Each structure stands twice: as C-alpha cells, then as structure tokens.
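I have placed the structure first, in the form of structure tokens, so that the comments after it can refer back to it.
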Amino acid sequence: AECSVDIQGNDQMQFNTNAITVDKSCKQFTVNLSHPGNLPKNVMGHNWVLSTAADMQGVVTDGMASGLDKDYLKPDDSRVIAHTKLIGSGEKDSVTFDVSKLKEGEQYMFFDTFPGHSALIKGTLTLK
Ligand SMILES: [Cu+2]
Ligand SMILES: [Cu+2]
C-alpha cells in the first residue's frame with residue numbers, strides 16, 4: 001500500500017484533503033505539504049500537525065499563544081504526534097513518522113495551528 005500523501009494549503013485558507021487513511025502495513029508514513037499561494041508564512045502560514053482528537057483544541061490554543069517564531073506550536077508539546085514546519089508561499093516541507101505511534105481504533109486529527117486556520121483546515125487521520 002502507499003505510505004505517503006501530498007497536501008497543499010493555499011492563500012484562501014484551505015487544505016485539499018480533510019481525511020487521511022494510513023494503511024496499517026506501513027512502517028513509516030509521509031506527508032508532503034506545499035503552499036501554492038503568493039502570501040508569506042507570517043500572513044498565510046500553514047503547517048500539518050497531528051494529535052489525538054482529544055488533544056487538538058489544546059495544541060491549537062497553546063500554539064496560537066506561542067507565536068510565529070515558535071511556528072505556532074508550544075515548545076516541547078508532547079501531544080504533537082508528528083508535524084511539518086510552518087511554510088509560506090512557494091515552499092514545501094515533508095514529515096515522515098513512525099506508524100508505531102498510531103493504534104487501530106484510536107481517533108486522530110490533523111490540523112494547521114496558524115491563528116484562525118484550524119476553523120477550516122483540519123481533518124481526520126485513521127489507521128486501517
Ligand atoms: Cu505498501
Ligand atoms: Cu494555515
């Protein structure tokens with residue numbers, strides 16, 4: 001099975017998927033984030049951040065507190081299972097993480113922690 005997904009986020013504050021399936025036979029999984037807009041990361045930054053569903057709100061709220069210089073993530077946030085960097089227009093970042101961090105049955109969400117953006121950029125991730 002494939003073990004990677006390509007995701008883009010634009011200047012219009014949306015991602016091109018709200019649902020990712022990670023096949024249980026994958027040992028690692030990769031997400032390739034790109035930003036086809038024209039606006040820079042201080043104005044229209046996007047990241048891809050993964051946590052349990054239960055943990056999403058806190059990661060988003062603490063990340064907003066932390067500011068651009070932290071990529072809008074609380075330092076040392078152990079709720080964050082995996083994430084990309086925060087990227088702007090014309091940039092790309094990939095993250096590859098161990099599928100051993102995920103369990104069949106548990107409920108996960110991916111999301112963008114740039115202020116306001118999780119209102120529209122978020123989705124489920126499932127191990128299947
Ligand atoms: Cu495979
Ligand atoms: Cu964003």
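In the structure tokens, chains take the letters A, B, ... in the order shown, each chain's residues start at 1, and ligands count up from 1 in the order shown.
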
Excluding same-chain residues fewer than 2 positions from range 33-48 of chain A, what lies within 7 Å of it counting only C-alpha atoms, as a compact mmCIF listing (two decimals) with C-alpha atoms, in the first residue's frame?
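Final file, result28.txt:
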# COMPACT_ATOMS: atom_id res chain seq x y z
CA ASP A 6 0.57 15.05 -0.75
CA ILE A 7 -1.30 18.02 0.78
CA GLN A 8 -1.49 21.64 -0.39
CA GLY A 9 -2.70 24.67 1.52
CA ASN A 10 -3.49 27.95 -0.26
CA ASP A 11 -3.96 31.72 0.26
CA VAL A 31 3.08 13.82 4.42
CA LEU A 50 -1.17 15.56 14.08
CA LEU A 68 5.37 32.91 14.59
CA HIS A 83 4.18 17.80 12.31
CA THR A 84 5.65 19.65 9.38
CA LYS A 85 7.20 23.05 9.61
CA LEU A 86 5.14 26.21 9.08
CA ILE A 87 5.51 27.14 5.40
CA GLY A 88 4.65 30.12 3.21
CA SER A 89 4.02 30.69 -0.48
CA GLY A 90 6.23 28.64 -2.87
CA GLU A 91 7.61 26.48 -0.02
CA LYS A 92 7.32 22.79 0.78
CA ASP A 93 8.01 20.58 3.81
CA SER A 94 7.73 16.84 4.36
CA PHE A 110 -4.58 16.73 11.62
CA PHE A 111 -4.76 20.49 11.56
CA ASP A 112 -2.99 23.82 10.96
CA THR A 113 -2.03 25.85 14.12
CA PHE A 114 -1.56 29.27 12.40

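For ligand 1, the protein and nucleic acid residues at most 12 Å away, judged by only C-alpha atoms and all ligand atoms, amount to residues 1, 2, 3, 4, 22, 23, 24, 25, 26, 27, 28 and 29 of chain A.
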
Closest to residue 100 in chain A among A:54, A:59, A:127, A:73, using only C-alpha atoms?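 Nearest candidate to residue 100 in chain A out of A:54, A:59, A:127, A:73: A:127.
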
Can you measure CA of residue 119 in chain A to CA of residue 98 in chain A for me? One decimal in Å is fine.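 CA of residue 98 in chain A lies 27.6 Å from CA of residue 119 in chain A.
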
So how many Å separate CA of residue 63 in chain A and CA of residue 51 in chain A, to one decimal?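 Atom-to-atom, CA of residue 63 in chain A to CA of residue 51 in chain A, that is 12.7 Å.
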
Work out how far apart CA of residue 122 in chain A and CA of residue 80 in chain A are and give it in Å to one decimal. 14.4 Å

Output as a PyMOL selection string all residues of range 7-69 of chain A that backbone DSSP marks as alpha helix (DSSP H). chain A and resi 41-44+56-66

Please identify which residues in chain A DSSP calls strand (DSSP E) from the backbone, and express them as number ranges by chain. A: 4-8, 19-22, 28-34, 49-52, 82-83, 92-98, 108-111, 122-127

Would you export the selected residues with N, CA and C atoms as an mmCIF file, in the first residue's frame, please?
data_model
loop_
_atom_site.group_PDB
_atom_site.id
_atom_site.type_symbol
_atom_site.label_atom_id
_atom_site.label_comp_id
_atom_site.auth_asym_id
_atom_site.auth_seq_id
_atom_site.Cartn_x
_atom_site.Cartn_y
_atom_site.Cartn_z
ATOM 1 N N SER A 4 2.297 7.486 1.718
ATOM 2 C CA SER A 4 2.581 8.931 1.691
ATOM 3 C C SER A 4 1.345 9.609 1.174
ATOM 4 N N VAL A 5 1.202 10.926 1.453
ATOM 5 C CA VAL A 5 0.080 11.701 0.937
ATOM 6 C C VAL A 5 0.632 13.103 0.643
ATOM 7 N N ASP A 6 0.176 13.711 -0.451
ATOM 8 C CA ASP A 6 0.571 15.051 -0.750
ATOM 9 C C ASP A 6 -0.604 15.978 -0.435
ATOM 10 N N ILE A 7 -0.287 17.047 0.277
ATOM 11 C CA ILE A 7 -1.304 18.017 0.776
ATOM 12 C C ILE A 7 -0.891 19.436 0.342
ATOM 13 N N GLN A 8 -1.818 20.242 -0.149
ATOM 14 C CA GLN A 8 -1.487 21.640 -0.393
ATOM 15 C C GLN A 8 -2.429 22.535 0.395
ATOM 16 N N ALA A 19 -9.340 14.248 5.102
ATOM 17 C CA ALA A 19 -9.381 12.895 5.575
ATOM 18 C C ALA A 19 -8.195 12.061 5.005
ATOM 19 N N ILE A 20 -7.379 11.520 5.905
ATOM 20 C CA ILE A 20 -6.178 10.751 5.510
ATOM 21 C C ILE A 20 -6.316 9.380 6.131
ATOM 22 N N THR A 21 -6.017 8.354 5.351
ATOM 23 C CA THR A 21 -6.014 6.982 5.799
ATOM 24 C C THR A 21 -4.582 6.517 5.785
ATOM 25 N N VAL A 22 -4.103 5.983 6.908
ATOM 26 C CA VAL A 22 -2.752 5.421 6.920
ATOM 27 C C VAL A 22 -2.966 3.908 6.923
ATOM 28 N N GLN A 28 6.412 3.438 8.185
ATOM 29 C CA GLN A 28 6.538 4.900 8.324
ATOM 30 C C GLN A 28 5.447 5.468 7.423
ATOM 31 N N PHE A 29 5.044 6.705 7.680
ATOM 32 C CA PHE A 29 4.121 7.398 6.821
ATOM 33 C C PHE A 29 4.666 8.829 6.579
ATOM 34 N N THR A 30 4.490 9.321 5.345
ATOM 35 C CA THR A 30 4.970 10.659 4.946
ATOM 36 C C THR A 30 3.909 11.586 4.412
ATOM 37 N N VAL A 31 3.959 12.813 4.901
ATOM 38 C CA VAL A 31 3.079 13.818 4.415
ATOM 39 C C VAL A 31 3.929 14.904 3.742
ATOM 40 N N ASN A 32 3.603 15.236 2.510
ATOM 41 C CA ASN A 32 4.377 16.261 1.744
ATOM 42 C C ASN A 32 3.488 17.457 1.618
ATOM 43 N N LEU A 33 3.749 18.485 2.428
ATOM 44 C CA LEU A 33 2.951 19.749 2.408
ATOM 45 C C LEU A 33 3.577 20.778 1.482
ATOM 46 N N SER A 34 2.724 21.452 0.704
ATOM 47 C CA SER A 34 3.189 22.532 -0.185
ATOM 48 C C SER A 34 2.164 23.677 -0.112
ATOM 49 N N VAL A 49 -0.196 19.320 11.444
ATOM 50 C CA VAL A 49 0.085 18.890 12.825
ATOM 51 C C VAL A 49 -0.908 17.795 13.209
ATOM 52 N N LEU A 50 -0.392 16.763 13.847
ATOM 53 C CA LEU A 50 -1.168 15.562 14.079
ATOM 54 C C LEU A 50 -1.234 15.413 15.607
ATOM 55 N N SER A 51 -2.426 15.141 16.141
ATOM 56 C CA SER A 51 -2.570 14.817 17.561
ATOM 57 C C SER A 51 -3.790 13.851 17.744
ATOM 58 N N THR A 52 -4.002 13.287 18.938
ATOM 59 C CA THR A 52 -5.309 12.617 19.114
ATOM 60 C C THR A 52 -6.410 13.685 18.964
ATOM 61 N N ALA A 82 3.238 14.199 15.327
ATOM 62 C CA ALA A 82 4.135 14.486 14.218
ATOM 63 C C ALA A 82 3.684 15.784 13.633
ATOM 64 N N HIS A 83 4.581 16.517 12.946
ATOM 65 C CA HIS A 83 4.178 17.795 12.307
ATOM 66 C C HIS A 83 5.184 18.171 11.236
ATOM 67 N N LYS A 92 7.780 24.139 0.615
ATOM 68 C CA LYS A 92 7.318 22.788 0.775
ATOM 69 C C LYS A 92 8.032 22.156 1.973
ATOM 70 N N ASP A 93 7.324 21.330 2.725
ATOM 71 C CA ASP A 93 8.009 20.579 3.805
ATOM 72 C C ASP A 93 7.362 19.208 3.962
ATOM 73 N N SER A 94 8.191 18.227 4.287
ATOM 74 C CA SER A 94 7.727 16.835 4.356
ATOM 75 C C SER A 94 7.978 16.341 5.795
ATOM 76 N N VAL A 95 7.090 15.498 6.303
ATOM 77 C CA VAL A 95 7.399 14.873 7.551
ATOM 78 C C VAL A 95 7.175 13.364 7.421
ATOM 79 N N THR A 96 8.054 12.594 8.026
ATOM 80 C CA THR A 96 7.866 11.127 7.941
ATOM 81 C C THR A 96 7.879 10.661 9.419
ATOM 82 N N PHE A 97 6.918 9.826 9.833
ATOM 83 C CA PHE A 97 6.844 9.468 11.250
ATOM 84 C C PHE A 97 6.595 8.018 11.375
ATOM 85 N N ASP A 98 6.844 7.477 12.579
ATOM 86 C CA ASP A 98 6.731 6.029 12.770
ATOM 87 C C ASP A 98 5.262 5.679 12.974
ATOM 88 N N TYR A 108 -7.694 10.227 15.643
ATOM 89 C CA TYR A 108 -6.643 11.291 15.431
ATOM 90 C C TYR A 108 -7.187 12.427 14.581
ATOM 91 N N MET A 109 -6.610 13.625 14.747
ATOM 92 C CA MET A 109 -6.944 14.731 13.856
ATOM 93 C C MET A 109 -5.648 15.374 13.321
ATOM 94 N N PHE A 110 -5.649 15.848 12.091
ATOM 95 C CA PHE A 110 -4.577 16.731 11.622
ATOM 96 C C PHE A 110 -5.176 18.127 11.446
ATOM 97 N N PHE A 111 -4.307 19.132 11.520
ATOM 98 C CA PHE A 111 -4.762 20.486 11.561
ATOM 99 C C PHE A 111 -3.566 21.439 11.396
ATOM 100 N N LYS A 122 -8.578 21.363 8.863
ATOM 101 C CA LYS A 122 -8.460 20.241 9.811
ATOM 102 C C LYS A 122 -9.063 19.011 9.218
ATOM 103 N N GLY A 123 -8.789 17.845 9.774
ATOM 104 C CA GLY A 123 -9.321 16.638 9.202
ATOM 105 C C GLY A 123 -9.016 15.443 10.052
ATOM 106 N N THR A 124 -9.573 14.295 9.661
ATOM 107 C CA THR A 124 -9.267 13.116 10.398
ATOM 108 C C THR A 124 -8.104 12.367 9.801
ATOM 109 N N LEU A 125 -7.422 11.630 10.654
ATOM 110 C CA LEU A 125 -6.452 10.620 10.193
ATOM 111 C C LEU A 125 -6.856 9.288 10.859
ATOM 112 N N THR A 126 -6.918 8.224 10.049
ATOM 113 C CA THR A 126 -7.256 6.899 10.533
ATOM 114 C C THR A 126 -6.231 5.832 10.132
ATOM 115 N N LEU A 127 -5.898 4.897 11.051
ATOM 116 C CA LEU A 127 -5.015 3.745 10.784
ATOM 117 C C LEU A 127 -5.904 2.515 10.470
#

Counting only C-alpha atoms and all ligand atoms, closest pick from A:71, A:55, A:104, A:76 relative to ligand 2 is A:71

Closest to ligand 2 among A:64, A:128, A:58, A:79, using only C-alpha atoms and all ligand atoms? A:64
